[PDB]
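Provided below as structure tokens are two forms of one protein chain, presented individually as structure 1 and structure 2.
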Structure 1
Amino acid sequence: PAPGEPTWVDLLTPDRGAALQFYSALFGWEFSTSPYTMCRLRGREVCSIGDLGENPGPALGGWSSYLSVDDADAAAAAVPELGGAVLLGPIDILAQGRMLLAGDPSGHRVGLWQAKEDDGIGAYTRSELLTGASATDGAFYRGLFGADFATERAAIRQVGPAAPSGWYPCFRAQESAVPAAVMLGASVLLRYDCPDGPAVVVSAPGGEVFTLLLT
């Protein structure tokens, strides 16, 4: 796993049961019928879905993207020098690896995962950053991962002031998944083009946002 490569996405939601119904109906994910649910397709783990804990107030579930780093401590030392912020960690994760949470110069949050060790419809293909400051953010991420970063797995897309911004997971899909998701109660926020096909940014009924990569 190259540095900066998208390696995992995780959904934290205040209604996990509804999220499982929605994403199983949209992507066909399987989970056996615990604080989290592993989502599988074609015998492979795709992602996980977990609970936002009991809260005395409203709560907004969102997808959390993780990019690979070779050394979480070096990444933590570099983040502030590149104009970002360390929000949590570096922290060890039960021998899975070492995790840090980082903010880029614009305040977009991203997980950085130092691991101690599929493509096809419904698979997690990558995460993309939607940003109104692609030059500032881009310099940050290329200083952290290298000059090749965000050149054509991860990508950086320029968006206007009214679009969602931040890192969003991209799941492979057919054109027909768009009405499917709308019929399931999702709302399309934006349609843009990538080298490998159109992308549709979607707000799920729970309000979390993800991208359908139509290929």
Structure 2
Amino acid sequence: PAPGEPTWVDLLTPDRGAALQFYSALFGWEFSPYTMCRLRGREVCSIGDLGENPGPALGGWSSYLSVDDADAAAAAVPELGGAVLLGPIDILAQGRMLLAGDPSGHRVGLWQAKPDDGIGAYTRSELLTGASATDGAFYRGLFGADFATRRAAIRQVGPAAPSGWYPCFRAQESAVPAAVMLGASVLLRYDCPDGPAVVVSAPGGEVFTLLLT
């Protein structure tokens, strides 16, 4: 795909099984360290076990954006005011990846590779940030002046809102009360050109976004 295109998401959680029930209940996903989640016979995402390995680790949903050249991106990140957090490293033969932090400290994955659009599918990721101009300059240095203007987006939010990259999945409006009945908590609601977006704290604490149609 094009540079900067949302391309993959995965969830690291300490209670895998509980997460599989929740997302299958909410989205319909049919389902080693990880579990592959499918819908319409296509893979949507993966859910892996947080305590599979030691060391310090941040759980939650990780978003991966496409890059043509992981090594070049890795050289660009410090020059543009961010930091390389991991990599560049080869992932078997699937491709090459690095994890990066932008000027505000938000973590994002960058993926050099070597997709439905219905209910329950991964539509895009969106960055909520209090520094949309500073952060936007960083991403457009990596991906081009057209970036954020599958297509990612960057939203300016106030100091009390959640911040960082969040995966967005299409759903019907009924998904919000369903998520809440399953134990989730809404954190934020905002309008997008293609519908309202609802930022949800899952019962396990990870955060994702519902795009309502």
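Sequence positions of structure 1, starting at 1, serve as the residue numbers. Only residues modelled in both forms are compared. Superpose the two forms; the largest set of C-alphas matching within 1.5 Å is the rigid core.
Asker: Which one moved? Candidates are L41, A163, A59, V178, criterion is a Cα shift of 2 Å or more between structures 1 and 2 after superposing on the core.
Answerer: Single hit from the list, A59.
Asker: Enter the rigid core superposed C-alpha shift of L88 between structures 1 and 2, rounded to one decimal in Å.
Answerer: Comparing between structures 1 and 2 after core fitting, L88 shifts 0.7 Å at its C-alpha.
Asker: Once the rigid core is overlaid, which residue runs, three or more long, move by 2 Å or more at each CA between structures 1 and 2?
Answerer: Residues 54 to 61 form the sole shifted run.
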